[PDB]
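1. Part one of the assembly, not moved from where it sits:
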Amino acid sequence: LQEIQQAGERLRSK
């Protein structure tokens, strides 16, 4: 899930 992957990325970046 690319939005889930982006949100996990946002977890990783924030």
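-> Now that the structure is in, tell me what you want to look at. Numbering: from 1, shown residues only, chains lettered A, B, ... in the order given.
2. ok, which stretches of chain A are helices?
-> Applying DSSP state H to chain A gives helices spanning A:2-13.
3. quick one: contacts for residue A:8?
-> Contacts for residue A:8 (Cβ atoms under 8 Å, 6 or more residues apart in numbering) come out as none. No exception for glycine: its C-beta is placed from N, CA and C like everyone else's.
4. mind running it again at 10 Å?
-> Counting by Cβ atoms under 10 Å, 6 or more residues apart in numbering, residue A:8 touches residue A:1.
5. what's around residue A:14, how many residues?
-> Neighbourhood size, residue A:14 [other Cβ atoms under 10 Å]: 5.
6. scratch that, residue A:13 is what I was asking about
-> Neighbour count for residue A:13, taken as other Cβ under 10 Å: 7.
7. put chain B on too:
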Amino acid sequence: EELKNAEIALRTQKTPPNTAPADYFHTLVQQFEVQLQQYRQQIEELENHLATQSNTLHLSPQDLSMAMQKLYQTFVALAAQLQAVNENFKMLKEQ
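-> Chain B now in position relative to the chains above:
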């Protein structure tokens, strides 16, 4: 997009019968400038989601709770944004 391009092309043709190509090349530079970083960001995210699916084996239930709390905070500040936009547009329609 192609159709509009061809129509303007026909107009320019009926007009004809080096700065522009260099400018178009530089624009082709600018277009991809950000897209390379889009690729890099999507790649770092691919590595991240791959690492997470490696954990997707079982894991502990709490992360969902963390995401739910951040979800309520997100929707709250988003209601702040939306309520702000609504109230300002209502002040406008009043004016």
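8. Check the neighbour count of residue A:13 one more time with chain B there.
-> 11 (other Cβ atoms under 10 Å in any protein chain shown).
9. Next up, the contacts around it.
-> Shown in contact with residue A:13 (Cβ atoms under 10 Å, 6 or more residues apart in numbering or on different chains): A:6, B:41, B:44-45, B:48.
10. And residue B:91, its phi and psi?
-> Taking degrees, to the nearest 10, you get phi -60, psi -40 for the backbone angles of residue B:91.
11. sorry, back to before: let me have the contacts of residue A:13 in TSV, extended by neighbour count and secondary structure.
-> Output for the contacts of residue A:13, formatted as TSV (neighbours: other Cβ atoms under 10 Å in any protein chain shown; DSSP: H, G, I helix; E, B strand; the rest coil):
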residue	neighbour count	secondary structure
A:6	16	helix
B:41	13	helix
B:44	13	helix
B:45	19	helix
B:48	18	helix
